[PDB]
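Can you read through this structure? Questions will come right after.
Numbering of ligands and ligand atoms starts at 1, following listing order. Residue indices begin at 1 and follow the sequence shown.
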Amino acid sequence: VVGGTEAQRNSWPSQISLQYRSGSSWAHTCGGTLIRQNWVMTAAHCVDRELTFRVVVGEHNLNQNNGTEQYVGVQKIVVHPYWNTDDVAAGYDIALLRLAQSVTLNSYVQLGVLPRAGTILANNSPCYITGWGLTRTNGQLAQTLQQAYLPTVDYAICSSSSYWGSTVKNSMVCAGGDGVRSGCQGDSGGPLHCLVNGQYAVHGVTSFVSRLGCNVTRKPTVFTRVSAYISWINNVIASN
Ligand code: NA
């Protein structure tokens, strides 16, 4: 997250760190959201590589023991069947991961609440992106979980020529684009939290940014719109 601030350690208890085994150690690769005690939602492009993955819940500092972490292996990966890895802009950038064990809920570990199907945010709606991704274009991952305030940019604007044009689809949500704050590498897969009727819900899964840099004016971060996939999610969980 570029232009973020450190999150309080109990602010975003559905956030997870997806990590891969890197020799003797593990390394953060992307974010996700806990949506059942044994299921995680993330971006399809995060699990494109044939790596060994684990999920960490209750994480705050990637480089220190917080006393709150639970570590759990990934048993099954279900990627959206229309996902195509060389066309991120076609959409369907969403995957569900079934965990080997169910995690225990507490003030650091909670299920993400999803929006009702079909729900679309009005332009300029207040939202936060959270994650451990790079803190600057071509920079290094954050140590501690970061948050940034990114108001939504509606489809009519985002899909206009000086923004994203045809690369943004109605199955996506855009937010930010002020040139100071944005998503960045390592934030993929993680949540966009938006406050609606008094309650934060996860409306977006972080999908892509501009190749010209993370925080570029009129290139808002693009998220998979979770409210377009509620039936899909429910069908997967019920059939596995
Ligand atoms: Na830690």
**Item:** Donor on one side chain, acceptor on other, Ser162 and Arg218, under 3.5 Å
**Value:**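 On atom types as modelled, these side chains qualify, holding a pair under 3.5 Å.
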**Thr104 backbone acceptor or donor facing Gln70 side chain under 3.5 Å** =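 Yes, because the side chain of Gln70 sits within donor-acceptor range (under 3.5 Å) of the backbone of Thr104.
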**Asked** Would you say the SG of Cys46 sits under 2.5 Å from the SG of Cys30?
**Response** no
**Total protein N, O or S atoms, the Na ion (ligand 1), separation less than 3.0 Å** = 6
**Prompt:** Under 3.5 Å, is there a donor-acceptor pair between the side chain of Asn234 and the main chain of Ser231?
**Reply:** no
**Request:** State, without any angle test, whether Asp93 and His45 hold a side-chain donor-acceptor pair at a distance under 3.5 Å.
**Result:**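 On atom types as modelled, these side chains qualify, holding a pair under 3.5 Å.
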**Request:** Take the angle between the ring planes of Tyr82 and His80 and call it parallel below 30°, perpendicular above 60°, tilted in between.
**Result:** tilted
